[PDB]
Amino acid sequence: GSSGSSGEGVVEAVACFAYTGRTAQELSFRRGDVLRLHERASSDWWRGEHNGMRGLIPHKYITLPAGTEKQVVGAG
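Counting starts from 1 on each chain and follows the sequence as written, independent of the entry's numbering; residues without coordinates are not shown. Excluded from the side-chain calculations are hydrogens and water; all other atoms, namely the structure's heavy atoms, are used.

Undergrad: Please set out the overall build of the protein residue by residue, giving values where relevant.
TA: Helical segments are the DSSP runs of H or I of at least four residues, strand segments are the runs of E of at least two, and each set is numbered from the N terminus. Across its full length, the protein carries 0 helices and 7 strands. Sequence-ordered secondary structure for the protein, helices as α and strands as β, is β-β-β-β-β-β-β. On the principal axes, the C-alpha backbone points of the protein span a range of 40 × 25 × 20 Å. Considering only contacts within the protein whose residues lie at least 6 apart along the sequence, 39% involve residues at least 24 apart. When the accessible surface of the protein is split by element, carbon and sulfur atoms take 46% of a total near 6100 Å². Under this rule, positive means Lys or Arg and negative means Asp or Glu; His and the chain ends count for nothing. Taken as the charge centre is NZ of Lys, CZ of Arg, CG of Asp or CD of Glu, depending on the residue. Within the protein, the 8 negative side-chain charges are centred at a point lying 6 Å from the centre of the 9 positive side-chain charges. Two residues form a contact once any of their heavy atoms are found within 4.5 Å. For every accessible area listed, the method is Shrake-Rupley and the probe measures 1.4 Å; residues are considered covered only by the protein chains on display.

Take a look at the structure:
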């Protein structure tokens, strides 16, 4: 298995802490505010769209749901 479909994907992450986008590119949200992670943006950043807003998302201020992206073969 592990085929995956590169087309329609969305990961819901929770804001571990209140963040404030420095520029239009970055986004803002208060701890607890969920954000849709369109697709990886950088080593420590992502791409999502807030309420009427669109920009990047901090991977440090956000905690991915059970099953983070590791892509590391192995089981048991």
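Text resumes after the structure shown.
Undergrad: Describe in detail the layout of surface pockets, supporting the description with residues and values.
TA: Roughly 580 Å³ of internal volume is contained in the largest pocket. Buriedness of a pocket was judged along seven lines, with at least five required to meet protein on both sides within 12 Å; pockets are open sets of points on a 1 Å grid over the protein atoms alone, cavities are sets where a 1.4 Å probe fits but cannot get out, and lining residues have an atom within 4 Å of a point. As for the largest pocket, its lining consists of 18 residues, and the residues nearest its centre are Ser5, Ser6, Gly7, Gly9 and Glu69. Counting residues per element, the lining of the largest pocket draws most heavily on strand β4 (residues 34-42), at 4 residues. Grid points are joined across faces, edges and corners, and a volume is the space filled by probe spheres set on the points.

Undergrad: Please provide a residue-by-residue account of the nonpolar core, values included.
TA: A general tendency of soluble globular proteins is for nonpolar side chains to be buried together. The biggest cluster of nonpolar side chains holds 11 residues, and these are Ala13, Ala15, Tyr19, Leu27, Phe29, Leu35, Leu37, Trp46, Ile57, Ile62 and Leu64. Contributing elements (two or more residues each) for this core: β1 (11-15) and β4. Leaving out residues up to four positions away in the same chain, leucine 64 has contacts with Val11, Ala13, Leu37, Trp46, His59 and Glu69. Working definition of a nonpolar core: buried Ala, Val, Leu, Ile, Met, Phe, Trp, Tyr and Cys residues. They are joined through side-chain atoms within 4.5 Å. The cut-offs for exposure are 20% and 50% of the maximum accessible area for each residue type, with area from a 1.4 Å probe on protein chains only; residues under the lower value are buried, those over the upper are exposed, and the others partly exposed.

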